[PDB]
Amino acid sequence: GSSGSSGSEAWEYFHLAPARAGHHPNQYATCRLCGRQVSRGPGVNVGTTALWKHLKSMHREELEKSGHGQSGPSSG
Ligand SMILES: [Zn+2]
C-alpha cells in the first residue's frame, strides 16, 4: 500500500514471480517491457522505484513517449 512516497506506476512494467522455492516470494521483478529481471532488496522504496531507473535506462523513450512527464511533484 501507499505508506510513504508515491509513484509505484513503474510496477506496471514489471511482474513479481512466485517463490516456488525456499526463499520467500517477491524477491525479483520481471520487466513486462523487455523481460529482464530487476531485483530490489532492502531500502528501495525511496521515491524513484528501482524499476523507474531501468525504465529510464533503456525504456527512456517509452516513458517520454507515454503520458508520463515528471514523476516527482513534491520531490527534487
Ligand atoms: Zn525492461
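A. Spatial organisation of the coordination of the zinc ion. Coordination sphere of the zinc ion, protein contribution only: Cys 31 (SG), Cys 34 (SG), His 54 (NE2) and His 59 (NE2), at 2.3 to 2.4 Å. Written as a sequence motif, the donor arrangement for the zinc ion is C-x2-C-x19-H-x4-H. Of this pair, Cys 31 sits in strand β2 (residues 29–31) while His 59 sits in the loop between α1 (50–57) and α2 (60–65), and the two are 28 residues apart along the sequence. According to the relative accessible area criterion, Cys 31 is buried, its value standing at 3%.

B. Just the UniProt feature "binding site: Zn(2+)" in the protein, in detail. The sites that UniProt annotates as "binding site: Zn(2+)" are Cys 31, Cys 34, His 54 and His 59. These annotated residues cover 29 residues of sequence, and their C-alpha atoms all fall within 10.7 Å of one another, placing them together at a single site. Look past the residues within four positions of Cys 31 in its chain and what remains in contact with it is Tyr 13, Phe 14, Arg 36, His 54 and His 59. Within the secondary structure, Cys 34 is located in the loop between β2 and α1. Residue classification places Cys 34 among the partly exposed residues on the basis of a relative accessible area of 40%. Residues in contact with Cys 34, not counting those within four places in the same chain, are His 54, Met 58 and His 59.

C. Just the environment of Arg 40, in detail. In this fold, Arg 40 is placed in the loop between β2 and α1. Considered as a pair, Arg 40 and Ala 50 are ten residues apart in the sequence and their alpha carbons are 6.3 Å apart. Not counting chain neighbours up to four residues away, the residues in contact with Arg 40 comprise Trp 11, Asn 26 and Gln 27. A polar atom in the side chain of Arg 40 sits 3.2 Å from the side chain of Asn 26.

D. Up close: the nonpolar core. Core analysis: the largest hydrophobic core is formed by ten residues, namely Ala 10, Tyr 13, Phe 14, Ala 29, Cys 31, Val 38, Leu 51, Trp 52, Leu 55 and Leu 63. Every element with two or more residues in this core is listed here: β2 and α1. Looking at this core element by element, the count peaks at three residues for α1. Beyond its immediate sequence surroundings of up to four residues, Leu 63 is in contact with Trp 52, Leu 55, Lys 56 and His 68.

E. Local environment of α1. Within α1, burial applies to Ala 50, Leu 51, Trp 52, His 54 and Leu 55. Of the surrounding secondary structure, the elements contacted by the buried residues of α1 are β1 (14–16), β2 and α2.

What counts as what
Residues numbered from 1 in each chain as written, not as in the entry; some residues may be left out. Heavy atoms only, no water. Donors = N, O, S within 2.8 Å, 3.2 Å for Na, K, Ca; no water. Helix = DSSP H or I, 4+ residues; strand = E, 2+ residues; numbered from the N terminus. Buried < 20%, exposed > 50% of the residue type's maximum accessible area, 1.4 Å probe, protein only. UniProt positions renumbered as here; feature names shortened; annotations may be inferred. Contact = heavy atoms within 4.5 Å. Polar contact = N/O pair within 3.5 Å; in protein donor to acceptor, adjacent residues only side chain to side chain. Core = buried A, V, L, I, M, F, W, Y, C linked by side-chain atoms within 4.5 Å.

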